[PDB]
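Q: Coordinates for the following, if possible.
(2 chains)
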Amino acid sequence: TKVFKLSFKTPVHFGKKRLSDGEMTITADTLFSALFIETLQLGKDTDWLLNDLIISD
RNA sequence: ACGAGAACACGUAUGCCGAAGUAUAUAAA
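A: Residues are numbered from 1 along each chain as shown, chains lettered A, B, ... in the order given. Take a look at the structure below.
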């Protein structure tokens, strides 16, 4: 049960409704979506990291 | 399998214009 720390050094747009909107934190929805899209881009197998991983916001 | 994805804060125009470094100032002894 490890935790990850994120440093950016470049400004980030995270969005709620419109591109001119700004939000500070994002939810496990967008995070899990990103992990899924990068898993598919890598061409790895998705079953393992679909129904076993629990992510906090 | 991210309220996403396309997307040059771009284009036009300058330090310009009138102005004298002048006026007196026995090269005495």
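
Q: which residues in chain A form helices?
A: A:28-42 (DSSP state H).

Q: Looking at it, which residue is nearest RNA strand B?
A: residue A:15 (2.3 Å; CB to the nearest atom of the strand). To be clear about C-beta, it is placed using only N, CA and C from the backbone, and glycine gets the same treatment.

Q: Neighbours of the closest residue to that residue other than its chain neighbours, how many?
A: Of all residues beyond its chain neighbours, the one nearest residue A:15 is residue A:21 (5.7 Å), with distances taken as CB to CB, 6 or more residues apart in numbering. Neighbours of residue A:21 under the rule other CB atoms under 10 Å: 10.

Q: Against residue A:31, how distant is residue A:21?
A: For residue A:21, the distance to residue A:31 equals 18 Å [CB to CB, to the nearest Å].

Q: Next up, the contacts around the residue lying closest to residue A:40 once chain neighbours are set aside.
A: Leaving aside its chain neighbours, residue A:40 sits nearest to residue A:46 (6.8 Å; criterion: CB to CB, 6+ apart). Applying CB atoms under 8 Å, 6 or more residues apart in numbering, one finds that residue A:46 lies in contact with A:36, A:39, A:40.

Q: Enumerate every residue touching the second one.
A: Right, the one you point to is residue A:39. Residues near residue A:39 by CB under 8 Å, 6+ apart: A:46, A:49.

Q: Ok, the first one next?
A: The neighbours of residue A:36, taking CB under 8 Å, 6+ apart as the test, are A:46, A:49, A:50.
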